[PDB]
Amino acid sequence: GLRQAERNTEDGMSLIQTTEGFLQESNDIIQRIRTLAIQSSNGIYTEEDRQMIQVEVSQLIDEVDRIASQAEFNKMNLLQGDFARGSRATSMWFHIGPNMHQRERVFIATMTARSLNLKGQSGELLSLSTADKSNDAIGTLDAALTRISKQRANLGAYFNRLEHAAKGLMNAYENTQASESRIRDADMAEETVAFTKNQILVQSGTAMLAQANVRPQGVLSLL
Amino acid sequence: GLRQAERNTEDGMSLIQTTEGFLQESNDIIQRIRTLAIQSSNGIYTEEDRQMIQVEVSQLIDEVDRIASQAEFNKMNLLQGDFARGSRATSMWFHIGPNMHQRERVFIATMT
Amino acid sequence: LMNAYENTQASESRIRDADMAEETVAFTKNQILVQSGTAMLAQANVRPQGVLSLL
Numbered sequence: 058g059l060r061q062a063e064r065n066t067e068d069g070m071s072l073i074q075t076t077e078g079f080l081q082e083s084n085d086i087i088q089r090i091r092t093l094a095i096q097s098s099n100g101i102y103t104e105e106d107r108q109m110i111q112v113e114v115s116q117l118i119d120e121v122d123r124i125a126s127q128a129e130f131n132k133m134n135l136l137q138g139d140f141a142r143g144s145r146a147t148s149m150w151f152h153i154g155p156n157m158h159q160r161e162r163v164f165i166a167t168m169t170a171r172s173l174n175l176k177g178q179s180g181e182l183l184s185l186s187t188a189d190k191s192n193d194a195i196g197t198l199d200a201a202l203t204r205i206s207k208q209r210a211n212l213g214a215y216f217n218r219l220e221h222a223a224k225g226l227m228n229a230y231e232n233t234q235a236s237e238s239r240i241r242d243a244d245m246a247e248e249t250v251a252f253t254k255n256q257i258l259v260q261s262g263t264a265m266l267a268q269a270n271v272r273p274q275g276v277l278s279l280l
Numbered sequence: 058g059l060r061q062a063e064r065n066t067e068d069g070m071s072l073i074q075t076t077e078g079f080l081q082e083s084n085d086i087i088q089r090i091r092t093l094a095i096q097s098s099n100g101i102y103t104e105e106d107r108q109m110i111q112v113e114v115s116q117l118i119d120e121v122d123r124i125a126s127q128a129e130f131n132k133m134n135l136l137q138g139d140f141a142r143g144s145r146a147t148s149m150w151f152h153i154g155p156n157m158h159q160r161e162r163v164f165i166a167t168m169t
Numbered sequence: 226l227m228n229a230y231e232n233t234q235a236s237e238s239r240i241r242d243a244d245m246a247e248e249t250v251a252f253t254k255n256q257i258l259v260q261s262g263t264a265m266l267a268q269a270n271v272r273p274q275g276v277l278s279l280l
């Protein structure tokens, strides 16, 4: 059980790292969006230039949604929110122990464009078409960065806890294996000594028996 | 009696070794929270940063409690205080000897 | 995609690739046990040889 639990913990660690992998790209894209919004707020650009910036924003919000709906693991989509706090669809657990309910729960919040305020509830994207609604567009991008960073911090906490659990599982496995060996495993030297003593005994006994069969022939001389 | 007592000694020794191995990782974790606390005391961090490192703090405290409640031996928990000094639940005696009595108590403090 | 590739390859190696250290340890233990077992079998083969001294 300890060996299997160590393996399971290390698999879950791999899962956490592969989720943080997509989280990194999401963070970088949101940061680029914030830089573009800072640029667009300037008063020297006309409406056409802001429209080009909006084309860029739409194009690299679409792939944010792409990572949200495609960041996957072994036949499990991760960032859709199936393993969120209030999610009903499913729950994610790690069996990190060798007996009964030695499990743990891991939460991954929604990371779709809707949840990050990059997309409206009706499907409209965050717009940089004019200065007025692009000046406050930063006020949603910093919140999106904060949410992404908070999820990353949660994932890192799970990472560290799973590392400590794996090390402890390995130590406990070694100690328990040693303890079991000291009870079931046989010491070769002492058992060999006993076997040699018994072998000498059986040879002596069979020699003495064989010489004991010839004892009663002495009476035959009387006849 | 002596032959069996030596086996009793070595199995109690194994139990002690297992307990120490369990406590090792808890010591390391507590060191980690101490480092995190020293980091958090700085005056440049904001409240949200302190909260997000408190996330890791909680994810370490629950690990400590998990280790305390799950560190087990042959059908007996150890770190939960069952074998403490004032503990009423049970007591531990190692029969390191070939005749009656010759037992020695071993105390394990609560680690919750 | 490159990041996902490296992470998923790490996971696959985690699940399938063998650890040479522990495998070598087990192999060594098994072959020592094999040597001891064949020595004991050879020794047990000549064990009933002491009976014929009675004849």
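Protein chains in written order, with full-length UniProt numbering: chain A, 58 to 280; chain B, 58 to 169; chain C, 226 to 280. Yeah, the Cβ is synthetic: ideal placement off N, Cα and C, and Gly gets one too.
Annotation: the stretch 72-140 of chain B contains the following complete segments of the alpha helix (DSSP H) (minimum length 4 residues), in chain order: 104-127. Boundaries of the beta strand (DSSP E) harbouring residue 161(A): 160-162, taken from the DSSP string.
Contact of residue 262(C) with chain A is not assigned, every C-beta pair being separated by 8 Å or more.
The beta carbon of residue 255(C) sits no closer than 8 Å to any beta carbon of chain A.
Our two residues, residue 102(B) and residue 82(B), have alpha carbons roughly 29 Å apart in a direct line. In this structure, residue 125(A) sits away from residue 142(A), with a CB-CB distance that is not shorter than 8 Å. Residue 151(A) and residue 245(A) have their C-alpha atoms spaced approximately 41 Å apart. Residue burial annotation: residue 215(A) is buried, with at least 16 other C-beta atoms found within 10 angstroms of its C-beta. The alpha helix (DSSP H) runs of length 4 or more contained entirely in the UniProt domain "Flagellin C-terminal" (196-280) of chain A are, from start to end of the chain, 245-270.
When beta bridges are read from the DSSP output, residue 182(A) appears opposite 176(A). Taking the beta carbon of residue 233(C) as reference, the chain A residues within 8 Å of it are 75, listed in sequence order. Boundaries of the alpha helix (DSSP H) harbouring residue 191(A): 188-192, taken from the DSSP string. Here residue 86(B) is buried. Its C-beta has 16 or more other C-beta atoms within 10 Å. As the crow flies, the alpha-carbon of residue 277(C) is around 37 Å from that of residue 241(A). Taking C-beta atoms under 8 Å as the contact rule, residue 219(A) and residue 70(A) qualify, at a distance of about 5 Å. Between residue 98(A) and residue 191(A), the beta carbon gap of about 5 Å places them in contact (Cβ cut-off 8 Å). By the C-beta criterion, the stretch 89-96 of chain A is judged to be in contact with the stretch 191-208 of chain A, since at least 3 inter-stretch pairs fall below 8 Å.
Contact check for residue 187(A) against residue 107(A) passes: the beta carbons are separated by less than 8 Å. Not a single C-beta of chain A is nearer than 8 Å to the C-beta of residue 241(C). Excluding its 5 nearest sequence neighbours in each direction, residue 160(A) has C-beta neighbours in its own chain below 6 Å: 150, 152, listed in chain order.
Sequence-distant partners of residue 67(A) (beyond 5 residues in either direction) whose C-beta falls short of 7 Å from its own C-beta, in its chain, are 223. Taking C-beta atoms as the reference points, residue 140(B) and residue 229(A) fail to come closer than 8 Å. Contact between residue 175(A) and residue 110(A) is absent: CB atoms are separated by about 15 Å, not below the 8 Å threshold.
Counting of Cβ neighbours within 10 angstroms places residue 129(B) among the buried residues, the total reaching 16 or more. When the beta-carbon positions are compared, residue 62(A) and residue 155(A) come within less than 8 Å of each other. Shown in chain order are the members of the stretch 66-90 of chain A whose Cβ falls below 8 Å from a Cβ of chain C: 67, 68, 71, 72, 74, 75, 78, 79, 81, 82.
Counting C-beta atoms within 10 angstroms of its own C-beta, residue 249(C) has fewer than 16 neighbours from the protein chains shown and is therefore classed as exposed.
Measuring C-alpha to C-alpha distances from residue 75(A) to each of 251(C), 274(C), 237(C) identifies 237(C) as the nearest.
Here the C-alpha atom of residue 231(A) lies approximately 47 Å from the C-alpha atom of residue 120(A). Around residue 227(A), the same chain offers 63 as residues with beta carbons nearer than 7 Å, after the five sequence neighbours per side are excluded. Around the Cβ of residue 170(A), a 10 Å sphere holds 16 or more other Cβ atoms; the residue is buried. With contacts defined as CB atoms closer than 8 Å, residue 113(B) and residue 213(A) qualify as a contacting pair. Across the set 233(C), 274(C), 255(C), 268(C), the C-alpha of 268(C) shows the shortest separation from the C-alpha of residue 252(A). Among the residues of chain B, none has a CB under 9 Å from the CB of residue 167(A); the nearest is roughly 18 Å distant.
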